[PDB]
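Take a look at this one chain, the form deposited without this ligand, written out in structure tokens.
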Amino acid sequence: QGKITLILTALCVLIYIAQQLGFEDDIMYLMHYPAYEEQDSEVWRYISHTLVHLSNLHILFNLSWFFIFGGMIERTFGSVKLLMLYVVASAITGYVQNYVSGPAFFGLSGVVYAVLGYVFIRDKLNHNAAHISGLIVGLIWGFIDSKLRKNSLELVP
């Protein structure tokens, strides 16, 4: 199993648990995605919204599907690759969610979808704005990778 997978999966569990133990209101205010010109610069906001879950199922599904497949990416492409995907798909699925619906969204689906998006193409070849844009970031990113991969393998035994 992967180190970053597990730091991340660990993290969503603690924060959920704490959302229960007294207030989510602290958590939700600190992490939400900029709703506000000032908050623009509060840079953790682009990502942090991914770390808050809205229900026992919202989280059980996201963590199973991210542990398992985030699992895959880390163990196959390394921990940096998984960290980039997390960071980039987090910021982008959010940027895309804020535009269509505003800054009231939380959790790891956009991420999970990027994650599945990247595993699907890569598998396929070499074997809810957040959701779609995430999938797309996945599907695109993997294809770019696959391409650079095959590129160098061309001067190899």
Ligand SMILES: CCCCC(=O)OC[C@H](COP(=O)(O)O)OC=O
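All residue numbers are counted from 1 along the displayed sequence.
One more form of this protein exists, namely the form solved in complex with this ligand; it is left out here, but the text below deals with it.
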In the deposited complex, does each of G2, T76 and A104 have a heavy atom within 4.5 Å of this ligand?
no
Is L21 a contact residue for this ligand in the deposited complex, using a 4.5 Å heavy atom cut-off?
no
Would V119 show up as a contact with this ligand in the deposited complex if we use heavy atoms at 4.5 Å?
no
Indicate whether this ligand has at least one heavy atom within 4.5 Å of a heavy atom of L30 in the deposited complex.
yes
Do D40 and this ligand share at least one heavy atom pair within 4.5 Å in the deposited complex?
yes
Along 125 to 154, which positions have a non-hydrogen atom within 4.5 Å of this ligand in the deposited complex?
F143, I144, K147, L148
